[PDB]
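Enquirer: Below are the structure tokens for one structure; questions will follow.
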Amino acid sequence: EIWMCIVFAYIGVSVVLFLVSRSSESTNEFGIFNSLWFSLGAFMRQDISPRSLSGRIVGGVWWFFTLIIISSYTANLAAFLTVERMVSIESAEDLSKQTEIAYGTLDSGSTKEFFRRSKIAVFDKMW
Amino acid sequence: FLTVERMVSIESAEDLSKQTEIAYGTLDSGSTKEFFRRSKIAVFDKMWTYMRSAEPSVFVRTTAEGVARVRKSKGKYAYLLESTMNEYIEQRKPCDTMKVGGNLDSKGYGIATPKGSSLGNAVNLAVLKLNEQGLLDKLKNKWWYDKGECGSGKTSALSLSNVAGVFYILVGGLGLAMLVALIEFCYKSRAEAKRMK
Amino acid sequence: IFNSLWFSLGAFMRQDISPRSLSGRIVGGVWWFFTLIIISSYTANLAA
Amino acid sequence: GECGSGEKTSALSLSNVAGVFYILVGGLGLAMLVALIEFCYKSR
Amino acid sequence: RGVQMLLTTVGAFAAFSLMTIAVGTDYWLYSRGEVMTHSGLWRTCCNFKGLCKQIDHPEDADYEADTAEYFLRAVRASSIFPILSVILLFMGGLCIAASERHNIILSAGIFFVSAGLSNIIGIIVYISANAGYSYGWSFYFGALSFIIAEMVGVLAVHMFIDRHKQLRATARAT
């Protein structure tokens, strides 16, 4: 989800860049050139965009924003390093709802005979 | 902030003794309270020592008062009671209570019959028969979970929310640049030149 | 000749003008992206 | 005993390096001072 | 104007496609056992077929912040749709009014800004859906589509500025 967020960030940034850039001549000449670089290079850790200073706010608030980001996922990881500690099949209903993990009982005994004779919902499917 | 949060976490009754931030108590009168008092077990001993001199009183008058104390302490107060009644409470609105860890002791209810009665052996076998037919377990499920009002109440992901506020406000910046630039281009320029001839 | 070195270097450490062709363009953003992830990485490893 | 207990603190120290704002800024004002006094003085 | 006639085609057919997308209600099936065929207006359920409108986001004349934010999740759909529709109203606007001067260009700008607010709408939407995993393709349709129409008739707009303004200016260089 967030990956798509940052995607459409790219898209909006870029297009609008060209849009402000649209002297139509110079406008488009600076729009085509830079837009990509920004919606890209600017994405990863941040040559010279400026004209409109209405495009300024876009650029700076960009550098800002992407900057927040890179910080964010970065430290996000470092945590994932620290925490993320190994975790786990909680209940019996979990064994019935899935198939990836096989399971069984003793070939002979009250344990096996239990599921066979059990008329309970969950235990039924298990058997 | 990140791991500080993420590094956060809880075991069983031993967890109540190892900490003090979260207060806890039992009913002021009953087998529950008398249990800890007479218990010579390591963990339960310390627990009683705490509750015995804890101020204010960690003991409640009725079971309803205890539950209310847990629902109004924002998780600062724990209440110790019979698992049976507890499990039932968990299935009652507003579904804001839950049982944690296994039981502290092993008890059990039974059908009582006058000493040397005729119904004595028959009823005994009847109970065993009902349990083996899973009829007992069925009945409990019927009144605890099935008839319950709480089947509605993981994986520890990113912060997307606050981040998303940033998205939107960020967009406010977008459209702002948009209109302002628009009316200034067309209106500033087209204004002046319009007025030229 | 001019830029290649700078990129395969300066770009390596925390990231002057590549742009012309748009050919190299894509590859450069690839670069900044790439190394960026990296430096991020070794730093998180650090704090750990 | 009553003391077997004696880590939720999370915050930001504005103070600490804000002092370094200060010094940095005195640097700013003087920088421009020296600036226009040599500009004015030497130049004019 | 073969390139640009086709640009118009992409414009209008784009628009119809856009609103068909908006109807795309299939935003996901979320199967709870149900399964949930969950539109923009309501959310519909499934075995036994069921449906429901918005539960809440939806009332209570409360004030200040987070409350008003519930009000937002109510409104956020109403942020979504109208901008898009308006963009469309433009799109036809310069479908026919291409022939006839500025309003052409003026309009066309207003067209594709209206077109622009759409993805904003979307983000709004998803985070409303982030009140509480599968999805639906209608989203993806819309998102890309706006981008498309925008690019197309805007590049046109450029062609207006160029042709009209520069090219006819030069036509007046006499």
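Letters A, B, ... mark the chains of the structure tokens in the order given; residue numbers begin at 1 per chain; ligand numbers begin at 1, in order shown.
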Residues of chain C within 7 Å of chain A, using only C-alpha atoms, as a ChimeraX atom specification?
Expert: /C:17,29,32-33,36,40,44-45,48
Enquirer: Which of chain C counts as helix (DSSP H, G or I) under DSSP, as a VMD selection string please?
Expert: chain C and resid 2 to 11 23 to 47
Enquirer: Looking at C:41, C:5, C:19, C:47, which one is nearest to chain B, with distances taken over only C-alpha atoms?
Expert: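 Of C:41, C:5, C:19, C:47, the one nearest chain B is C:47, counting only C-alpha atoms.
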Enquirer: Can you tell me how far atom CA of residue 76 of chain E sits from atom CA of residue 124 of chain E, in Å to one decimal?
Expert: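 So the two atoms, atom CA of residue 76 of chain E and atom CA of residue 124 of chain E, lie 6.0 Å apart.
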Enquirer: Quick one: pull the distance between atom CA of residue 17 of chain B and atom CA of residue 47 of chain B, Å, one decimal.
Expert: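 A separation of 5.7 Å between them.
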